[PDB]
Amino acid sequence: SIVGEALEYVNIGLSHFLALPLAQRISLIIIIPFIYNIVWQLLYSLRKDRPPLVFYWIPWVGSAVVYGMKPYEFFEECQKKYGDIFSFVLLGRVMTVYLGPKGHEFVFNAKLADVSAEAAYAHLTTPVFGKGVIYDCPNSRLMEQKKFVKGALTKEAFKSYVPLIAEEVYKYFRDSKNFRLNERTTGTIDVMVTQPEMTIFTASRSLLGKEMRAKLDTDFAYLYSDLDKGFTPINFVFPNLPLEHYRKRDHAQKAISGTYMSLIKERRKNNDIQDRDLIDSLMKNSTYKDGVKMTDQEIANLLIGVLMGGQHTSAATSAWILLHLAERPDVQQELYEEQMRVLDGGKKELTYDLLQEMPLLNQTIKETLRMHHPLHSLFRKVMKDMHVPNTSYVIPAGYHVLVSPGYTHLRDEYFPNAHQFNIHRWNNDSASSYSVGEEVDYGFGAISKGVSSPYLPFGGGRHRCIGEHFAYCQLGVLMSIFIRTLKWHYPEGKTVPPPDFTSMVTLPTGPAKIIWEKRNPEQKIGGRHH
């Protein structure tokens, strides 16, 4: 009755194992995890308390390639195979996707104790924005930072920003090599070149003020670019490894935050605190409820985070608006008639209040945000085992949850002919977003308690965007001026480009070129330039 001999042979086998030729050893160093991963999945598939897990061949990598390149196609296939809740492996992580409005509710309205945005995002955002702010702090601190920033984002602020943003757009038409409207009546433009510039110029001028806008006319502008390079998904996978673009990122965060602090300290020194810009607002309103004041460094870092939050979302959105309208001269025409009607043939200066009487313009923004949600996936890290109603699924701590309102934006069930750009689907519904009932306040103002709307370009729950009205103001002014000034169309044989999903936002695949032409070739934009 001897197993003893077999145990001897276990030991022997280990010894012969260690003595394998490097050919066999490398071979087995690959072959063991490969096999184990596979039997682990087959085993995993037997659990009834886990959502189905998308099958994958390469350990750790998982479905990263297909998810990374075509997330909506990936989701549609998974949704056909498994239904609305399913998991997939992504560079060492397990992501549980919950598609549709029930998913919106499951993730956006998740208990503070159940999930963490900062645990999913901080390793990426902290090196770019700086310490102490956004995701480098407890959620309660984030809630109050959002309150502080919202305090510079009032209707009175927007009334004052509208002419500043209009001035910037006109200067860009006058001065940018991309246009030069006083010298050229037609031209070709890459919207992924122009829109990020127009976006940072307009947002700098209004939120940060004249000094910081002036800085963007210099080599200082390059820092923003560098800062931008730290804000990509390789950093999402490697938050730090020793590469130059990381160092340029850190340097840029320091130099830019340094410039912000210099202005702030100069203002406090000269008692030159007004109500002009978000800087003046944070200088007056940045004490948390426990009485601790944000430091000047944290104020600057928060300024960087806020501007970054508006930068890629807004730039991508105006790129897509231009791109969709480039093949819809009927829509340009309709928007132009609205401009002439609301602004008395141009004899009225554009104001914030008049932007609110441009429903077609606002529906154009809304519809572009439907077809092109800038963020295809939003994440949380699961901190406590979560039960999914009405199921037997448990999402264990250590998993991530992924919600995709932009995928639902593109489903025929919620938006008939979802792949058709139709601003009129929003007729009698021009609002950037509508809370369809009860509200709740997480610390930065009353917002919709339910997050079941199939349309959620600005998310929902405690992490909801606070920049929505700024974005509509900025996009509104910008597009109002584009429409009143220019007609545009595609080069022959060109059409709307497919999205690039690999980037930080779902921007168009470039070069995405449009040809513009002046509606009034003889019109001059005044003011001095060199």
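Numbering starts at 1 and runs along the sequence shown.
Once the C-alpha B-factors are averaged per stretch, 47 to 55 and 458 to 466 rank with 47 to 55 first.
Remark: stretch with higher mean C-alpha B factor among 20 to 28 and 505 to 513 is 20 to 28. Across the options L486, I38, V477, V496, the residue with the most elevated CA B-factor in the record is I38. Highest C-alpha temperature factor among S286, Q332, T218, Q339 per the entry: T218. Placement of the Cα temperature factor of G398 within the chain: middle third of the modelled residues, per the deposited record.
Sort the chain's modelled residues by C-alpha temperature factor and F238 lands in the highest third, per the entry. When the CA B factors of the chain's modelled residues are split into thirds, the value for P374 lands in the lowest one. When the modelled residues of the chain are ordered by C-alpha B-factor, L99 sits in the middle third. Among all modelled residues in its chain, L410 ranks in the lowest third by Cα B-factor.
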